[PDB]
């Protein structure tokens, strides 16, 4: 009770006071530190100037011609012009980071608002001689910072389990950070390749530290408290018993109680369902894998035929799933996923700029390297190609209808391979455990030390 005109006048008088108060605080805070900064100089510069006193550096002395004049009538000087003998430069290259696998890229304050409130607050108190007529005045003077309500509570103003504050919670709340933030596909947390969050179905098959670990372990173990105990640590085949009673990109499909028919994303997108899909195991659209015995580099093998590498979890027989030891293995069709690239050498091109040379021979159709870079939306590639055209240059390469791989900022050494309409290498995009990747393959045999080329034009027909 003082009248709205009055209160809003106070808001202004007070805010304008605090602000001006804090203005001076900092005014000095700065003055303070410019000084305590100066001493720092003095004390250090002296250290340098000492070191320099110790030293005894020879004076520079006087020596095709060069002259120098003087727009102040001083005598023209003339002197011998020495030539520094030529040095060779190398071609232009901008900074890049090394990749071995694609990498995905996407496309009045609170602190004072409170002081003013408590300022106002003390006057409403000092009246008698957290009010509501106050939040209204502040809303009048800063109608943008919100209304009375929105300020009425702005003012008023994810556990851990190894630490002391481990609440007792749901099981789906102890495993939350893990469930959402983990890639069933690369087995990494917050992976660098897969932005879409895993559907719910992709992860289903005392003190809190104890109650939680309980409500969690029962989800996995259920009623075998013999084990629920062994794990929970300090409880018993009993006590737990007692606590008891109280070309389109691929993305996995998750349509429960729906068959993979004409409404399924994978079938619409013209892709095979993969292991990562949450559909039946009977699914008619899953890719079987091959039962080859070895090789897998011909139309004989269904995987190669369908332009897929073998899958280490379906092609159990060709050698693709064993021997995580060598990159030479029975199955010649998993060079990308295991990453068995050939040694490459970088030297100035024989045509232009930088080029790339293979170090050891290579048969027709043999794999040479993956072409790696950042995965970006078709729109990012737009935006970026505007900046790129300046250079009459481009290291964009279509991956599929949804993604482009751009080797400008990051990639691997096969990006130094130059364009030609008469290449000795070619690019084939393959599906590889649910990822489209670009494999660079030789087009004819190739010998020690040859320069590598492929025809950038097809990698540019995303028509």
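Positions refer to the first chain, counted from 1.
Unmodelled deposited residues between residue 257 and residue 258: none, per the record. Averaged over their C-alpha atoms, the temperature factors of 308 to 316 and 231 to 239 are higher for 231 to 239. Higher mean CA temperature factor between 336 to 344 and 196 to 204: 196 to 204, per the PDB entry. Of the candidates 301, 387, 245, 84, the one whose C-alpha carries the top B factor in the deposited record is 245.
Residue-level inspection of the entry shows that, of 378, 285, 170, 249, 170 has the top Cα B-factor. Per the PDB record, residue ranking by Cα B-factor puts residue 161 in the highest third of the chain. Per the deposited record, the Cα B-factor of residue 445 falls in the lowest third when ranked against the other modelled residues of its chain.
For residue 80, the recorded CA temperature factor ranks within the middle third of the chain's modelled residues. Among the modelled residues of the chain, residue 24 sits in the highest third by CA temperature factor in this PDB entry. For residue 146, the recorded CA temperature factor ranks within the highest third of the chain's modelled residues.
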